[PDB]
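One structure is given below, encoded as structure tokens.
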Amino acid sequence: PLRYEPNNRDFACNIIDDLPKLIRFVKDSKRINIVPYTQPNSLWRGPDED
Amino acid sequence: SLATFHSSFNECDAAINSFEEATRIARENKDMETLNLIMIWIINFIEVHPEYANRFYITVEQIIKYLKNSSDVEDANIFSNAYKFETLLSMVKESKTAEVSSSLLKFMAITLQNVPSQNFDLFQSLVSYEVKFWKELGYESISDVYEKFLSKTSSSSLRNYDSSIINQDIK
């Protein structure tokens with residue numbers, strides 16, 4: 001686990017968080033639906049609810 | 001149109017008096033469709049001359065709140081115009097870049113959804129904002145790609161005719 005505590009000397013702000021997250025396109029049999037984007041390996045790496 | 005012509009010659013103040021009588025005449029007709037045209041022309045004059053935002057009888061924020069929830073049908077291009085003006089106000093207000101990207105996303109998404117070729121005016125305005133938005137962030141690489149789509153010498157209505165020549169001269 002990485003610990004990036006906020007430091008004043010660190011001016012490397014992030015803007016990816018700022019940009020809206022992408023979405024996937026998946027079509028089921030009924031119609032074409034649209035779902036939030038999830039990385040292929042994010043299911044076992046996502047922030048645990050625990 | 002006479003109000004637009006006065007703004008074209010940088011009269012500014014004379015255009016304001018002419019525009020005021022346009023609102024009163026619109027009420028006498030008691031037709032709703034023309035008022036949206038009046039309101040759209042309001043801030044477009046404000047966009048060119050932001051120093052006159054106080055003189056108007058309606059603040060800029062009041063229009064955006066109206067145009068966002070104007071209707072769900074028979075608008076087409078009103079929402080594309082409405083969100084673009086919010087993005088400029090947000091950029092000038094130096095709001096958090098979180099809201100600015102989201103507001104610009106709305107304006108971009110609706111503009112490209114319908115035909116961008118026919119609505120050449122707004123498509124150029126999208127590029128002008130996006131090239132400005134990404135240049136302030138410091139990523140000229142993104143700005144360069146959109147810069148190739150910005151049209152030169154086309155300029156826009158109600159802003160002179162030699163404005164394009166002056167703009168190329170400044171650079």
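Ligands are numbered from 1 in the order shown, residues from 1 within each chain, and chains are lettered A, B, ... in the order they appear in the structure tokens.
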Got a sec: who's within 7 Å of range 126-129 of chain B, counting only C-alpha atoms, leaving out chain neighbours fewer than 3 positions off, as a list in words?
-> residues 108, 122, 123, 132, 133, 146, 149 and 150 of chain B
Would you mind exporting N, CA, C and O atoms of the selected residues as a short mmCIF file (atom, residue, chain, number, x, y, z; two decimals), in the first residue's frame?
```
data_model
loop_
_atom_site.label_atom_id
_atom_site.label_comp_id
_atom_site.auth_asym_id
_atom_site.auth_seq_id
_atom_site.Cartn_x
_atom_site.Cartn_y
_atom_site.Cartn_z
N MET B 108 -19.63 20.48 -25.38
CA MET B 108 -19.06 19.69 -26.46
C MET B 108 -19.99 18.55 -26.88
O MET B 108 -20.16 18.30 -28.08
N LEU B 122 -21.02 27.84 -33.95
CA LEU B 122 -20.79 27.27 -32.63
C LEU B 122 -19.60 26.31 -32.63
O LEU B 122 -18.87 26.23 -31.64
N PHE B 123 -19.40 25.57 -33.73
CA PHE B 123 -18.27 24.66 -33.80
C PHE B 123 -16.95 25.41 -33.71
O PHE B 123 -16.01 24.94 -33.05
N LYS B 132 -8.38 27.47 -25.80
CA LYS B 132 -8.09 28.35 -24.67
C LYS B 132 -8.07 27.57 -23.36
O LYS B 132 -7.23 27.83 -22.49
N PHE B 133 -8.99 26.61 -23.20
CA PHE B 133 -9.06 25.85 -21.96
C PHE B 133 -7.82 24.98 -21.76
O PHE B 133 -7.31 24.87 -20.64
N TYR B 146 -6.40 20.87 -31.70
CA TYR B 146 -7.62 21.64 -31.93
C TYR B 146 -7.34 22.94 -32.68
O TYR B 146 -8.23 23.48 -33.33
N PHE B 149 -8.13 23.10 -36.35
CA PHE B 149 -9.53 23.21 -36.73
C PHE B 149 -10.09 24.62 -36.59
O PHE B 149 -11.17 24.89 -37.11
N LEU B 150 -9.38 25.51 -35.90
CA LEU B 150 -9.83 26.89 -35.78
C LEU B 150 -9.72 27.59 -37.13
O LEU B 150 -8.67 27.54 -37.78
#
```
**Message:** Give me, as a list in words, all polymer residues having an atom no more than 10 Å from range 16-21 of chain B, counting only C-alpha atoms and skipping those fewer than 5 positions away in the same chain.
**Reply:** residues 1, 2, 3, 4, 6, 7, 11, 26, 38, 41, 42, 45, 52, 55, 56 and 57 of chain B
Quiz item: Counting only C-alpha atoms, which residues from chain B have an atom at most 9 Å from any atom of chain A, and could you show them as an MDAnalysis selection string?
Solution: chainID B and resid 97:99 101:102 105
Quiz item: In Å, how far is it from CA of residue 35 in chain B to CA of residue 22 in chain B?
Solution: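 CA of residue 22 in chain B lies 9.8 Å from CA of residue 35 in chain B.
Taking only C-alpha atoms, the non-local environment of residue 5 in chain B within 9 Å (same-chain residues fewer than 5 positions away omitted) comprises residues 10, 11, 15, 158, 159 and 160 of chain B.
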Practice item. Might you pull out every residue within 12 Å of residue 161 in chain B, with only C-alpha atoms counted and same-chain residues fewer than 3 positions away left off, and present them as a VMD selection string? Key: chain B and resid 5 7 to 10 153 to 158 164 to 167
With N, CA, C and O atoms retained, could you export that selection as a short mmCIF file (atom, residue, chain, number, x, y, z; two decimals), in the first residue's frame?
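Contents of out.cif, freshly written:
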```cif
data_model
loop_
_atom_site.label_atom_id
_atom_site.label_comp_id
_atom_site.auth_asym_id
_atom_site.auth_seq_id
_atom_site.Cartn_x
_atom_site.Cartn_y
_atom_site.Cartn_z
N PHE B 5 -25.50 46.04 -35.85
CA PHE B 5 -24.67 46.93 -36.66
C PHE B 5 -23.92 47.94 -35.80
O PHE B 5 -22.75 48.23 -36.06
N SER B 7 -22.98 47.55 -32.68
CA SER B 7 -21.89 46.82 -32.04
C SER B 7 -20.78 46.49 -33.03
O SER B 7 -19.62 46.34 -32.63
N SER B 8 -21.12 46.36 -34.31
CA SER B 8 -20.10 46.10 -35.32
C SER B 8 -19.15 47.28 -35.49
O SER B 8 -17.98 47.09 -35.81
N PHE B 9 -19.64 48.50 -35.28
CA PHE B 9 -18.82 49.70 -35.41
C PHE B 9 -18.32 50.20 -34.06
O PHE B 9 -17.88 51.35 -33.96
N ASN B 10 -18.39 49.36 -33.02
CA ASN B 10 -17.90 49.68 -31.68
C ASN B 10 -18.62 50.88 -31.08
O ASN B 10 -18.04 51.61 -30.26
N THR B 153 -9.85 34.25 -40.36
CA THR B 153 -10.46 35.27 -41.22
C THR B 153 -11.98 35.11 -41.26
O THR B 153 -12.69 35.97 -41.79
N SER B 154 -12.50 34.03 -40.68
CA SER B 154 -13.95 33.86 -40.60
C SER B 154 -14.56 34.79 -39.56
O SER B 154 -15.60 35.41 -39.81
N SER B 155 -13.92 34.91 -38.40
CA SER B 155 -14.34 35.79 -37.30
C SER B 155 -15.78 35.42 -36.92
O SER B 155 -16.14 34.24 -36.93
N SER B 156 -16.61 36.40 -36.59
CA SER B 156 -18.00 36.15 -36.24
C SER B 156 -18.79 37.43 -36.48
O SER B 156 -18.22 38.50 -36.72
N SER B 157 -20.11 37.31 -36.42
CA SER B 157 -20.98 38.46 -36.62
C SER B 157 -20.90 39.40 -35.41
O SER B 157 -20.33 39.07 -34.37
N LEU B 158 -21.46 40.59 -35.59
CA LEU B 158 -21.60 41.64 -34.58
C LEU B 158 -20.27 42.07 -33.97
O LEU B 158 -20.27 42.83 -32.99
N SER B 164 -10.54 40.22 -37.70
CA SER B 164 -9.65 39.12 -38.08
C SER B 164 -8.26 39.64 -38.44
O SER B 164 -7.25 39.06 -38.03
N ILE B 165 -8.20 40.75 -39.19
CA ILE B 165 -6.91 41.32 -39.57
C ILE B 165 -6.14 41.75 -38.33
O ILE B 165 -4.93 41.52 -38.22
N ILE B 166 -6.82 42.40 -37.38
CA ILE B 166 -6.16 42.84 -36.16
C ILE B 166 -5.65 41.65 -35.36
O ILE B 166 -4.52 41.67 -34.85
N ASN B 167 -6.46 40.60 -35.25
CA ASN B 167 -6.06 39.44 -34.46
C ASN B 167 -4.81 38.78 -35.02
O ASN B 167 -3.91 38.39 -34.27
#
```
CA of residue 88 in chain B to CA of residue 40 in chain B measures 14.5 Å
Shell of 9 Å around residue 61 in chain B, only C-alpha atoms, local chain residues under 3 positions omitted, as a ChimeraX atom specification: /B:58,64-66,86,89
Got time to write the residues from that selection, N, CA, C and O atoms, as a short mmCIF file (atom, residue, chain, number, x, y, z; two decimals), in the first residue's frame?
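Result file part_1.cif:
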```cif
data_model
loop_
_atom_site.label_atom_id
_atom_site.label_comp_id
_atom_site.auth_asym_id
_atom_site.auth_seq_id
_atom_site.Cartn_x
_atom_site.Cartn_y
_atom_site.Cartn_z
N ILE B 58 -30.87 42.33 -17.05
CA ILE B 58 -30.82 40.94 -16.62
C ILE B 58 -29.36 40.53 -16.48
O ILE B 58 -28.56 40.74 -17.40
N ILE B 64 -28.70 31.87 -17.93
CA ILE B 64 -28.24 30.48 -17.95
C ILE B 64 -29.19 29.59 -17.15
O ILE B 64 -29.51 28.47 -17.57
N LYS B 65 -29.64 30.07 -16.00
CA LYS B 65 -30.60 29.31 -15.21
C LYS B 65 -31.91 29.10 -15.97
O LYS B 65 -32.53 28.05 -15.85
N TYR B 66 -32.32 30.09 -16.76
CA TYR B 66 -33.53 29.94 -17.57
C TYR B 66 -33.31 28.97 -18.72
O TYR B 66 -34.12 28.07 -18.94
N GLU B 86 -22.13 29.21 -20.05
CA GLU B 86 -21.75 28.83 -18.69
C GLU B 86 -20.27 28.51 -18.61
O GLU B 86 -19.61 28.83 -17.61
N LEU B 89 -18.41 31.76 -18.44
CA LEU B 89 -18.55 32.41 -17.15
C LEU B 89 -17.74 31.66 -16.09
O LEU B 89 -17.05 32.27 -15.27
#
```
Need to verify the contact set: range 36-50 of chain A, 12 Å, only C-alpha atoms, exclusion of same-chain residues closer than 2 positions in sequence. Can you return it as a list in words?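 Residues meeting the cut-off are residues 1, 20, 21, 22, 23, 24, 25, 26, 33 and 34 of chain A.
Note that the spacing between CA of residue 145 in chain B and CA of residue 130 in chain B amounts to 10.4 Å.
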